[PDB]
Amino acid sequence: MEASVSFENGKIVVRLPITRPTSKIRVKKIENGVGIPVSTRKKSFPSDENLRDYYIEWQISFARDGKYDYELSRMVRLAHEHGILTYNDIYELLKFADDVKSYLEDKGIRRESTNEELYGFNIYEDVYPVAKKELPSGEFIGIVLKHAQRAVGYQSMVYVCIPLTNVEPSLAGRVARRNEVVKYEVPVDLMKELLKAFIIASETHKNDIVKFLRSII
């Protein structure tokens, strides 16, 4: 499943499905600081203030099949072609990438021994590093580090969490519709911060951002 990426009225917009809770685009609601997924077709969204606690969590990627024609790379290229992302915008990004030399993957994942025991069972603490940044427009950008599945080493994944108040139409006080996708106008600052997130996530991601940004300049 893919989100539709488009340009309209001077804005990059993407259409996010809200009835696919097992996809990389899922609607969550925070209860006491943790995100919990939401059945958008059985539970009908609240018509009140607790709606801000609801948000869309999107695991956003940059590259696919070694090409930069996927999600964030499609948004950035469209933003470039319609003058939404300027020359100085891209120039500032590459000078930021040239100065970045420590990455989120440098923190690693570690299993720490404990002085604790559970009725004969040894107790360990697996420590995973994450990076989080809140933007003034309301969105959150997350970077988590996990183990590479099929090989040794780490892989870093970027998340963006979009408050439901930042998308249209207003779902307040109603249940999602069948195959309902939602329109989200992407601020340029979020695209720059998303590219920043990939730059600092790992050296592998940075080289992908750099090679892509240099190709459109």
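One rule holds for the numbers: they count along the sequence shown, beginning at 1.
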Checklist entry - Would 36 to 44 or 182 to 190 have the larger average of its C-alpha temperature factors, as given in the entry? => result 36 to 44
Checklist entry - Going by the B-factors listed in the PDB entry, is the mean over the C-alpha atoms higher for 92 to 100 or for 78 to 86? => result 92 to 100
Checklist entry - Of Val152, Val27, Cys161, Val167, which one's C-alpha B factor is largest in the deposited record? => result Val152
Checklist outcome for this item: Sorting the chain's modelled residues by C-alpha B-factor and splitting them into thirds places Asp69 in the middle
Next on the checklist: Test of reading the entry: by CA B factor among the chain's modelled residues, which third contains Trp58?
Outcome noted: lowest
Next on the checklist: Based on the deposited C-alpha B factors for this chain, I'd like to know if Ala3 is in the lowest, middle or highest third.
Outcome noted: middle
Checklist entry - Is the Cα B-factor recorded for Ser113 in the lowest, middle or highest third of its chain? => result lowest
